[PDB]
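Quick heads-up: it's one chain on its own, the form deposited in one PDB entry, in structure tokens.
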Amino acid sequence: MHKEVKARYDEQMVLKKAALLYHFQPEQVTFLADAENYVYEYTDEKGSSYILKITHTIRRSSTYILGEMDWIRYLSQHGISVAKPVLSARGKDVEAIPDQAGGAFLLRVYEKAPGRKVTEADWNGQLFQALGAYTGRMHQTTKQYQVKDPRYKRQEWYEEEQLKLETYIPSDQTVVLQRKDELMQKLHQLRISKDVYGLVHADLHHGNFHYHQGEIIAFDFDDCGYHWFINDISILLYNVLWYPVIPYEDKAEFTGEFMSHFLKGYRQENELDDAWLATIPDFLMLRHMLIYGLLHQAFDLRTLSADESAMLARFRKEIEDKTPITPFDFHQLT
């Protein structure tokens, strides 16, 4: 996490309190991750599995998180399989533990999604179609969602802190910053309506869902916010192109294969006008820019490996040159 949060975190005290709030024994806790949030797995008395995610008010308010929890509950009540929030013993979706410094650690729990992450055996057109139908149902459902408290309102796409590349990258990279500013201006020219824009997951990839008996169960809604539906799609495409489970021989051909199957599924559940498909390259480029910033947080600029330096140089050059993320001509899908 943030170093201040790490400095304030008394892990034993927090897990002791969490054990009381969520009715589990300390001995049944497994540490999973600490890079972004603190994430743990546990089992309760009856043997069911749960995921405990801990953040802090320095990163996000309780009410912002409650907006995610409210939306996930709405999706679940409309027949979408998601890792559902679990109320604490006090009937709360988010539990705050004061840190004695004016802030609070924010605890929340979800059901552990059944199954596990996709494997080589799963990486095929059937998966891609299932992802399309899952995403399509999410988009069709979200159209009717209304925020119940103004404090719970999730961000608009352009409010994303990680798009503020000037915060993350060297200030002499004026061309990269020009490219980002210009692309943002172009995306702001797109029309917004209920049928094309809404609250979406915004971090879809195969690290953020399980596959169980041929069905998708998503989790990690922590970046959910208001986007064009085609950006939710584009983010998933970016991610399958970046870390494919099986290497592809030809990036353009794979893009076409993924998209053909995905869209076949998507059409089962939602109606998206073909004109949006042409915007995918622009949204892929925006994601590429966001990742470039992230790599600067990820890497120590003062002790870079040769591979890290090469990756940063590649992203920079691609952004400056406007090299498309994929060579695929999206007009082929029409």
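Under this definition, the rigid core comprises the largest set of C-alpha atoms superposing within 1.5 Å between the forms. Position 1 is the first residue in the sequence shown; the rest follow in order.
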Of 153-161 vs 92-100, the stretch with the larger average CA B-factor in the entry is 92-100
Stretch with higher mean Cα temperature factor, 321-329 vs 308-316, is 308-316
Per the deposited B-factor column, the C-alpha that peaks among 41, 45, 269, 68 belongs to 45
Among the modelled residues of its chain, the C-alpha B-factor of residue 292 falls in the third labelled lowest
On the chain's distribution of Cα B-factors, residue 76 falls within the third called lowest
Binned into thirds over the chain's modelled residues, the C-alpha B-factor of residue 140 lands in the lowest
Tertile call for residue 299 (CA temperature factor, within chain, third-based) is the highest
Among the modelled residues of its chain, the C-alpha B-factor of residue 189 falls in the third labelled highest
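This next part talks about the form deposited in another entry, which is not shown.
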Across 229, 105, 134, 258, the single C-alpha shifting 2 angstroms or more between the shown form and the other one with the core held fixed is at 105
Report task. Verify the C-alpha shift of residue 18 between the shown form and the other one: is it 2 Å or more after superposing the core? Result -> yes
Taking the rigid core as reference, does residue 283 move its C-alpha 2 Å or further between the shown form and the other one? no
Residue 271: with the rigid core matched between the shown form and the other one, does its Cα shift 2 Å or more? no
Quick read on residue 165 and residue 7 CA atoms in that other deposited form, 3 Å or more from the shown distance, and they're closer
